[PDB]
Structures are given as C-alpha cells and as structure tokens.
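Below, chain A is the first sequence line, B the second, and so on; all start at residue 1. Scope of the values below: all heavy atoms of this structure, side chains included, with no hydrogens, waters or symmetry mates.
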Amino acid sequence: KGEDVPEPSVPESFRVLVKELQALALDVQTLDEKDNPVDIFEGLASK
Amino acid sequence: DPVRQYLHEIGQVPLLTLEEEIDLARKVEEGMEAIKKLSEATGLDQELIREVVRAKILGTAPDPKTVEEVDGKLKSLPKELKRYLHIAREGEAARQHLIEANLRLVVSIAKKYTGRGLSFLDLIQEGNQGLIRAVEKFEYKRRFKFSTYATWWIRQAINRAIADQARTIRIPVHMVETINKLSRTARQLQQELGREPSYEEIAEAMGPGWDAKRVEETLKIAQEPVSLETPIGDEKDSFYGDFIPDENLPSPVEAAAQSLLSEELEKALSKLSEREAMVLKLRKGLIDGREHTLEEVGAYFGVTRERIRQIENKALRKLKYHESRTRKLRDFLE
Amino acid sequence: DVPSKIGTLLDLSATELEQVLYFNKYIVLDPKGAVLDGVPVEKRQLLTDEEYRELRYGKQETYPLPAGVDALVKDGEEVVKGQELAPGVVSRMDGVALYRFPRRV
Amino acid sequence: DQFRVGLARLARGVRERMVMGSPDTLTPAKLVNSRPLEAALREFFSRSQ
Amino acid sequence: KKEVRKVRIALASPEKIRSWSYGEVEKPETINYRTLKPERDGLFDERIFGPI
Amino acid sequence: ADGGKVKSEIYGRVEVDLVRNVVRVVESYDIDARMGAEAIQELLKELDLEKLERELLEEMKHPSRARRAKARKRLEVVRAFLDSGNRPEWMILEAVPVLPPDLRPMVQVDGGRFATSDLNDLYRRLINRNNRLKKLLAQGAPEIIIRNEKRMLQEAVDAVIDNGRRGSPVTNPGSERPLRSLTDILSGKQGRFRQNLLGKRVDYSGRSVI
DNA sequence: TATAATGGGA
C-alpha cells in the first residue's frame with residue numbers, strides 16, 4: 001500500500017522466549033522505565 | 001532404578017497363607033455387608049460410610065466437620081448396631097492387607113506386556129488397579145484361590161490400559177486388537193518369504209473380510225507419528241521440523257490478498273444502494289458467516305422473497321458492469 | 001543443580017534429598033517424643049520405612065508352628081523375651097502372645 | 001568386513017532361536033533370516049562415508 | 001504504549017502459574033483419530049488454548 | 001470403655017477386639033514423618049529465613065574456615081530469597097504449566113503420516129500418571145501403591161523439565177533417542193538463547209556469482 | 001467376571 005514498513009511492537013522471538021520460560025515455571029517479568037509490568041501480549045494471552 | 005525400589009517394597013510384605021487368604025477375604029465380605037446394614041440403620045449412602053471408614057483407618061488428615069460429624073453419629077449408636085462399625089473397620093483393614101500381599105502377583109503378570117508403549121511401572125500400576133477391583137468383588141465362598149480371579153483382572157486392566165494410553169493419537173479398542181492381529185501375521189510370513197509382504201498377500205493371509213486396500217489403510221493408522229525433533233544428518237544443528245513448511249499459516253502474500261479482496265469488494269459494493277449492498281452481504285454470509293435465504297432477508301427488510309431476488313439480481317449486474325470497467329476483481333479468481 | 005538450592009536451604013545433602021523426594025526414607029516433621037535404638041529422634045531425621053512402621057504402627061513378630069503341635073502359653077497371655085511359647089519356639093520380644101489360627105477346639 | 005558384521009548379527013538370530021521352538025527338528029530355513037545381512041550391506045553402500 | 005526496558009526472572013507460585021493458564025489439561029488425548037479435530041480436554045483443545 | 005471405668009495408661013494405637021471382648025493398645029506414637037515433595041514443601045514452608053540469617057551470621061564468625069565457608073554459601077541462598085521476595089516453597093510444584101499448542105505442534109506431513117513434538121508425549125506421560133494417582137487416592141489404595149505412583153509422578157514431572165538429568169531418559173517405542181525436554185529447548189546450540197545470536201535465514205535476499 | 005498362576009532384565 002505504499003506505506004513505510006512499521007516496526008514490530010514486540011518481536012516474536014521475545015514472545016516465544018517468555019512462553020518457553022513460563023513453561024518451566026519461571027515468572028518472566030517485562031518491565032519498563034519505572035519497573036512496572038509491560039504486557040507484551042496485547043489482549044492475546046492476558047485473560 | 002525405581003523398579004528395584006518397588007520390588008524391594010512389595011518384598012517386605014510376606015505372602016499370605018491359604019488360611020489368611022480365606023480370613024482376609026472373609027472380613028472383607030463381612031465388612032462390606034456391615035456397611036450395607038449401616039445404610040439401613042443410619043440411612044445414608046454406602047460410599048459415604050465407605051470413605052469415612054477408609055479415612056479413620058489409613059490416615060489421620062470437610063476434615064473437621066463432615067468427616068468427624070458422620071463418624072460421631074456412627075459412634076453414638078446402640079451396642080447391637082456398633083458391632084457393624086467395628087466389623088467394617090477391620091474389614092477395610094483386611095482389604096488393605098489382601099491387596100498388599102498380592103502386589104507380588106501383579107508384577108509376575110505385568111512383565112509379559114512390556115515393549116507395547118507403556119513402561120514396566122505403568123504396566124504394574126494399571127495392573128494394581130485390577131488387583132483392587134478383583135478384591136472388591138471377590139467371593140471366597142466359591143472355594144477358588146484368589147490368584148485365579150486376580151489374574152483375570154490384572155490382564156483386563158493392563159490390556160484396557162494399553163488400548164487407551166499407548167497410542168499418541170487415541171485408537172478404539174477393537175482396532176488395536178485388529179492392528180495386533182495384522183502385526184503378528186506379517187512376521188511369520190516374513191520368515192516364510194524371507195522378505196516383507198505386499199498388501200495383497202497379507203490380506204490373503206488375514207482371512208475373509210480382508211482385502212489389499214483394507215490392510216493398507218489399517219496399517220496406515222497403525223504407525224506412530226514421527227518426531228519433529230528427529231535429527232537430520234550427522235550435524236547437530238537441524239531437526240526434521242526445521243525443513244517442514246507451515247501448510248496452515250498464511251504467507252505474507254496470502255494474508256495481503258485476503259485483505260485486498262475484502263477492501264476491493266467493499267469499494268465495489270459502495271457503488272450500490274445500501275439496501276442492494278446489505279442484501280448481497282446477507283445472502284453471501286459477509287455479515288455473520290451464514291448465507292441467509294430469501295426468507296430471512298425479506299424478513300429483515302419487510303419485503304417478499306421475490307422482491308429480495310430482484311434486488312439481489314439488479315445489484316449483481318451493477319457489480320458486473322463496474323467490474324467490466326475497473327477489472328479490480330477480475331483476478332483474486334484462482 | 002550442581003549445588004542444590006533446596007538441599008542448601010534445608011541443610012540436606014544431595015543423597016538425603018534424593019531419598020526423601022523419591023520415597024526411600026521418611027523425614028520427621030514432628031517426633032511426638034519418639035525413641036529408637038537407645039536414642040530419641042529429633043526433627044529432620046531420616047528413617048527407613050521399617051523404622052517408620054515400627055515407630056508408628058508397632059512391632060509384631062509372628063511365629064508359625066509345626067502342624068499338630070500345641071503351644072505352652074494361653075491366648076492373650078503376656079510373654080517375656082526368651083520365654084517358651086512353644087517347645088523350641090523361643091520368644092524374641094516382650095509382648096502378648098495372640099493365637100492366630102486354631103485347629104483344635 | 002561389514003559382511004561378517006551382518007553375519008555376527010545373524011549369529012544372534014540363530015543362537016536365540018534355539019532356546020525356543022522344538023529344539024529337536026528345526027530347519028535352518030526358519031533358523032536363518034535375510035533381514036540381518038540385507039540391512040548390513042545396505043547400511044554400507046548407502047550410509048558409509 | 002510503554003517501552004520495556006528491563007526483564008526480571010523469578011520463581012512462579014502455583015496461583016501465578018494458574019494465572020497464566022486458560023484451563024486445565026485433564027486428559028492425555030490429543031486429536032480424534034477420525035475427525036482429526038482436537039479432543040475436548042486434551043493438549044490441543046480449543047476451549048482453552050484458542051481457536052484453530 | 002465402660003463410660004470412664006477403664007482408661008489407657010500409655011500412648012499407642014487402638015483396635016477393638018470383638019471375639020476376646022478386649023481392647024488392646026500397641027505402643028505406637030502419632031509421629032509425623034513424610035516422604036516425597038510433600039515433605040520438602042512443608043519444610044520449605046516452615047523455614048524462618050530471617051532466623052536462619054542470624055543463625056548463619058553467628059556461624060561465620062567462628063574461627064574454622066570450613067564451617068564458615070559452608071555458612072557462607074548457605075547464606076548466599078538465604079539472602080537471595082530474602083532480597084528477592086521469592087517464597088522458598090515455590091521451588092515445589094503443585095500446578096505444572098503447559099506450553100501453547102502451536103509451539104509443540106502436531107501436523108500431518110506428506111504421505112499422510114503425522115509428525116509431533118516430543119514435549120507432547122512427555123506431557124501425555126505426566127497426565128496419565130497424575131490421573132492414575134487421583135483415582136487411586138479415591139479408591140483408598142494401600143501406601144505401597146500410592147508411593148509408587150508418587151515416585152513415577154516425580155519421575156514424570158522432571159522428565160518434562162529435564163529428561164535424562166536423573167535416571168534413564170524416557171524414549172519412544174522403537175528408538176533410543178531421548179525425548180526433547182523443556183531444558184533442551186532453551187539450552188544447547190539449538191536452544192532459544194542461541195537462536196537469535198547465531199543468525200537466521202532472511203527474506204528479501206539473493207545470491208549470485210560476482 | 002473364577003483350575004492356578006505371587007520380586008525385572010539388560
């Protein structure tokens with residue numbers, strides 16, 4: 001559509017790493033500038 | 001080695017004499033009958049007394065409420081009816097020792113079923129389930145040794161287990177038996193021919209009701225799946241699944257094509273009146289996913305089946321006209 | 001893990017932790033004043049299931065008798081270690097002799 | 001060399017077939033299989049570097 | 001909206017593990033041998049993991 | 001019995017005898033001794049980490065090098081849970097997570113035959129054993145049986161985690177290849193921590209002689 | 001649903 005290609009908000013290699021770590025019962029927290037939780041799964045796996 | 005651990009544990013429990021075997025089986029049947037006469041005296045269910053007796057025997061720890069209040073009611077009974085409480089308790093103790101003393105028999109039977117998809121300990125534990133069901137409805141009055149009834153139940157529970165758990169993709173029981181019948185015949189004719197059979201000759205060996213196409217399709221389901229982690233080549237940097245394409249996920253070109261199609265159809269439908277377009281979207285399932293017949297669409301718009309058909313036909317040849325001039329939708333057509 | 005984190009927190013060797021987690025030995029949460037082999041049993045003590053059943057379900061020893069032979073003791077009669085509950089069948093423990101299966105009445 | 005390897009694996013295919021069956025009369029036809037030697041030479045010509 | 005700047009790793013409690021879960025896999029079944037659809041309480045069930 | 005006329009004078013288990021019309025009490029304590037991860041979880045749940053810190057700090061001011069080195073390592077673990085907020089019993093699992101299906105897929109390839117991921121059979125062996133333990137507890141099975149299923153359960157869980165680490169690795173029928181565990185998915189050369197570093201095949205690329 | 005069958009195997 002003649003648009004500049006956008007950047008991925010959260011790459012897929014990031015998502016797979018977290019779920020494969022959660023599979024081993026390890027809480028992987030993705031924190032931002034002030035240490036608050038960022039949900040790298042936008043309404044997809046958040047319940 | 002967990003097998004040596006379990007064999008040593010069942011080793012501590014000595015075997016039981018024919019006198020003990022009759023006595024334990026007696027107390028079991030007496031306890032079971034003592035429970036039924038408590039369901040008449042007190043009035044509550046069999047399984048309730050069954051578990052309250054099992055609790056107070058095999059372990060200390062609703063636990064403070066329901067369990068203890070049922071036992072308390074049982075404790076507050078006349079002497080002539082509290083006999084059956086004591087008889088049920090020791091009867092449940094007899095069931096425990098009857099099981100423990102014959103765990104040695106479960107191993108002696110389960111070891112023959114190895115190499116069928118379930119480990120040894122899985123072959124022992126489903127067999128132990130047969131030993132429990134064997135005890136629960138064993139009647140010693142027939143004067144048969146406990147080993148005869150158990151052996152039938154150990155084999156029933158192991159065969160049933162292999163039919164339900166060994167396959168990754170679950171297969172019916174008769175098909176498993178069928179697949180075993182097929183698998184036994186191909187090995188003796190391999191020895192007779194010196195080579196593996198074709199589907200016609202193994203079908204001729206299977207008997208009536210078996211042809212070359214049925215043996216091929218039943219053997220087709222018989223094979224277990226391949227592992228995606230099957231290594232390819234001596235190099236330790238590639239699995240099988242590393243070379244398998246994703247047949248179900250759409251490609252970037254496919255994903256765009258469906259979006260361009262939905263966009264170009266919207267632009268095409270915008271050349272119609274909103275009723276003309278809404279009729280077509282209802283008839284083709286673009287709204288909720290199901291093709292609405294002329295009746296439902298006429299009910300929506302409050303007109304007849306024929307009036308909807310004319311709207312639908314007029315809307316189509318308007319689309320065909322615009323399509324003959326723009327040619328936007330001529331492709332997407334496979 | 002090469003240095004066990006659970007074994008470190010509770011002060012258990014890898015051999016001790018192996019026997020507990022994989023059902024080789026019990027461990028004492030509450031001794032309830034138990035004693036064995038001339039010593040008490042402290043908390044966090046490892047003991048075999050033989051020592052567990054003796055300390056929790058009691059110690060009993062059964063002696064089979066040669067057929068037709070009678071016993072020198074009576075039913076529910078207290079015994080002494082070394083006593084002769086049957087000729088040649090010496091008592092190995094203090095307790096109460098209980099007849100289990102009588103053939104003559 | 002890989003031939004006698006498939007024979008040493010056919011040797012087991014003979015040794016163990018003797019404890020079973022009718023040890024009095026067994027033909028070497030049902031005592032010997034083509035599967036051991038066939039799979040030995042095929043591994044050589046198809047897999048050996 | 002906010003940008004991830006740190007990643008922490010820690011232990012997962014049972015209630016936290018259950019917080020990640022969309023359901024309990026109650027059965028060892030996978031797909032039906034005939035329909036090839038996922039089984040209702042198995043490892044591929046759409047009722048928990050999502051639609052196909 | 002007798003509404004108070006007779007009382008036991010020693011600790012022990014009871015059993016009411018109806019043939020002799022007697023009540024005997026065997027010298028047996030009500031001791032609490034447990035096996036398995038249930039026992040370890042309780043010990044981890046009862047640890048006062050603050051007291052163990054003071055208890056170990058006063059041990060590393062002892063002159064002996066060996067025991068103040070043992071207390072030194074033992075304090076590193078204690079300080080970790082304290083400063084992090086991790087409750088030590090969390091190292092024992094009650095709920096086991098399950099990876100999403102498309103990361104452990106099951107699909108049919110050419111020829112109609114199916115191809116699946118090893119993790120599925122590991123989960124499948126865990127679900128089978130866990131379900132058998134459930135309907136053995138409900139049936140009121142003796143302890144030798146329960147202990148066996150609990151051993152096989154622990155051996156099923158840590159095979160999902162790290163197949164091969166302890167014991168013989170679980171394999172499929174008809175092969176000696178160990179099934180790939182969750183740890184093999186992260187660790188190693190094909191692991192997820194090496195995947196991004198080692199590079200990838202890329203779209204919008206070509207090749208030719210120059 | 002019942003003859004009896006009771007500690008693995010590389």
Check: Are F:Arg129 and F:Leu133 side-chain neighbours, meaning at least one heavy-atom pair lies under 4.5 Å?
Finding: no
Next item on the list: Applying ring pair (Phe, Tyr, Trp, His ring centres under 6.0 Å), name anything that partners C:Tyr26, two or more places apart in sequence or on another chain.
Entry: C:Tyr52
Note to self: Using a 4.0 Å heavy-atom cut-off, does B:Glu139 contact any base of the nucleic acid, only the sugar-phosphate backbone, or nothing at all?
What the structure shows: base
Check: In residues 146-153 of chain F, what residues come within less than 4.0 Å of DNA chain G, judged by heavy atoms?
Finding: none
Notebook entry, point to check: What nucleic acid atoms does B:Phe138 come within less than 4.0 Å of, heavy atoms only: base, sugar-phosphate, or nothing?
Noted result: base
Item checked: Any donor-acceptor pair under 3.5 Å from F:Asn148 side chain to F:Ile144 backbone -> no
Check: Going by the ring pair (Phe, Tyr, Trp, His ring centres under 6.0 Å) test, which pairs reach into residues 89-130 of chain B, not counting sequence neighbours?
Finding: none
Check: side-chain hydrogen bond (donor to acceptor under 3.5 Å, both in side chains) between B:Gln125 and B:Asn128: does it pass, once the steps are laid out?
Finding: CA-CA 5 Å; B:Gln125 284 304 111; B:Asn128 287 334; 2.8 Å; yes
Next item on the list: Classify every nucleotide of nucleotides 4-10 of chain G by which part a protein heavy atom approaches to under 4.0 Å, writing B for the base, S for the sugar-phosphate alone and - for neither, in 5'-to-3' order.
Entry: BBBBBS-
Item checked: Residues that E:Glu29 engages under side-chain hydrogen bond (donor to acceptor under 3.5 Å, both in side chains), provided they are two or more places apart -> B:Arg170
Note to self: Salt bridge check, B:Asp23 against C:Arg100: does any charged N sit closer than 4.0 Å to a carboxylate O?
What the structure shows: no
Validation: residues 131-138 of chain B side-chain donor-acceptor distances under 3.5 Å, sequence neighbours left out:
{"residue": "B:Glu136", "atom": "OE2", "partner": "B:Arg54", "partner atom": "NH2", "Å": "3.2"}
{"residue": "B:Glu136", "atom": "OE2", "partner": "B:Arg95", "partner atom": "NH2", "Å": "3.4"}
{"residue": "B:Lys137", "atom": "NZ", "partner": "B:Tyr149", "partner atom": "OH", "Å": "2.2"}

